[PDB]
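First the structure, in the form of structure tokens, and then the observations on it.
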Amino acid sequence: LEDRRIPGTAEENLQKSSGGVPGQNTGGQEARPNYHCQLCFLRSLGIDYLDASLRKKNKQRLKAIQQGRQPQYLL
């Protein structure tokens, strides 16, 4: 019986890396909003808010900010 589907570790086992690219940009039409300039504020809210747009990776960055800083996958 081969059932290697263990959630939170077997799918994690595939490469076991620290993520990489989220794919939340498209290029436009689907995303990339900017009409009343508030979306342009979201484009540069002191830029730590764009760390906000991507905090899914920063929930660990507290130690990765002082890590070896590998090829952008580490962050």
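Residue names in the structure tokens use chain letters A, B, ... in the order shown, residue numbers from 1 in each chain, and ligand numbers from 1 in the order shown.
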Determine which residues of chain A receive a DSSP assignment of alpha helix (DSSP H), computed from the backbone, and state them as a list in words.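 After running DSSP on the backbone, chain A has alpha helix (DSSP H) at residues 10, 11, 12, 13, 38, 39, 40, 41, 42, 43, 48, 49, 50, 51, 52, 53, 55, 56, 57, 58, 59, 60, 61, 62, 63 and 64 of chain A.
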For stretch 50-54 of chain A, please output as a list in words all residues within 12 Å (counting only C-alpha atoms; exclusion window: fewer than 4 positions along the same chain).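 Those residues are residues 19, 20, 21, 22, 23, 24, 25, 39, 40, 41, 42, 43, 44, 45, 46, 58, 59, 61 and 75 of chain A.
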Residues as selected, N, CA and C atoms, written as an mmCIF file, in the first residue's frame, can you do that?
```cif
data_model
loop_
_atom_site.group_PDB
_atom_site.id
_atom_site.type_symbol
_atom_site.label_atom_id
_atom_site.label_comp_id
_atom_site.auth_asym_id
_atom_site.auth_seq_id
_atom_site.Cartn_x
_atom_site.Cartn_y
_atom_site.Cartn_z
ATOM 1 N N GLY A 19 10.329 28.038 -0.330
ATOM 2 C CA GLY A 19 9.382 28.740 -1.271
ATOM 3 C C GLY A 19 10.155 29.346 -2.458
ATOM 4 N N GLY A 20 9.761 30.528 -2.902
ATOM 5 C CA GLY A 20 10.461 31.192 -4.061
ATOM 6 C C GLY A 20 9.591 32.317 -4.639
ATOM 7 N N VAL A 21 8.889 32.052 -5.726
ATOM 8 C CA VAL A 21 8.013 33.099 -6.362
ATOM 9 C C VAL A 21 6.513 32.778 -6.118
ATOM 10 N N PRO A 22 5.764 33.751 -5.593
ATOM 11 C CA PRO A 22 4.310 33.579 -5.304
ATOM 12 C C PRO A 22 3.425 33.668 -6.565
ATOM 13 N N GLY A 23 3.826 34.461 -7.523
ATOM 14 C CA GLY A 23 3.033 34.638 -8.796
ATOM 15 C C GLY A 23 1.802 35.532 -8.541
ATOM 16 N N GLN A 24 1.985 36.649 -7.855
ATOM 17 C CA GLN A 24 0.845 37.585 -7.553
ATOM 18 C C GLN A 24 1.040 38.931 -8.303
ATOM 19 N N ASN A 25 1.339 38.865 -9.591
ATOM 20 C CA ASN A 25 1.556 40.119 -10.408
ATOM 21 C C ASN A 25 0.898 40.035 -11.798
ATOM 22 N N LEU A 39 -3.791 52.624 -5.017
ATOM 23 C CA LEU A 39 -3.103 51.358 -5.413
ATOM 24 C C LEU A 39 -1.616 51.687 -5.678
ATOM 25 N N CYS A 40 -1.319 52.898 -6.155
ATOM 26 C CA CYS A 40 0.107 53.332 -6.333
ATOM 27 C C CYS A 40 0.719 53.533 -4.924
ATOM 28 N N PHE A 41 -0.081 53.927 -3.931
ATOM 29 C CA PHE A 41 0.423 54.024 -2.532
ATOM 30 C C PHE A 41 0.712 52.605 -2.106
ATOM 31 N N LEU A 42 -0.209 51.677 -2.348
ATOM 32 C CA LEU A 42 0.063 50.251 -2.018
ATOM 33 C C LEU A 42 1.311 49.788 -2.794
ATOM 34 N N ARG A 43 1.577 50.338 -3.982
ATOM 35 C CA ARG A 43 2.815 49.960 -4.730
ATOM 36 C C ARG A 43 4.069 50.436 -3.930
ATOM 37 N N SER A 44 3.997 51.525 -3.142
ATOM 38 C CA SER A 44 5.226 51.965 -2.374
ATOM 39 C C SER A 44 4.899 52.535 -0.955
ATOM 40 N N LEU A 45 4.019 51.896 -0.156
ATOM 41 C CA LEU A 45 3.707 52.380 1.270
ATOM 42 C C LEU A 45 5.014 52.333 2.129
ATOM 43 N N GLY A 46 5.960 53.235 1.892
ATOM 44 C CA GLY A 46 7.305 53.158 2.589
ATOM 45 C C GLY A 46 7.993 51.793 2.238
ATOM 46 N N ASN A 58 7.970 36.620 4.993
ATOM 47 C CA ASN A 58 8.531 37.290 6.225
ATOM 48 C C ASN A 58 8.134 36.529 7.520
ATOM 49 N N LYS A 59 7.135 35.641 7.506
ATOM 50 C CA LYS A 59 6.810 34.820 8.750
ATOM 51 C C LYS A 59 7.929 33.734 8.854
ATOM 52 N N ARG A 61 11.321 35.452 8.069
ATOM 53 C CA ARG A 61 12.346 36.498 7.699
ATOM 54 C C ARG A 61 13.080 37.062 8.929
ATOM 55 N N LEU A 75 15.534 34.796 0.939
ATOM 56 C CA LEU A 75 14.979 36.160 1.297
ATOM 57 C C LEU A 75 15.912 36.886 2.293
#
```
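Take atom CA of residue A:9 and atom CA of residue A:64: the distance between them is 20.8 Å.
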How many Å separate atom CA of residue A:67 from atom CA of residue A:18? 12.6 Å
Could you tell me how far atom CA of residue A:7 lies from atom CA of residue A:26, in Å and to one decimal?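 It comes out at 28.8 Å.
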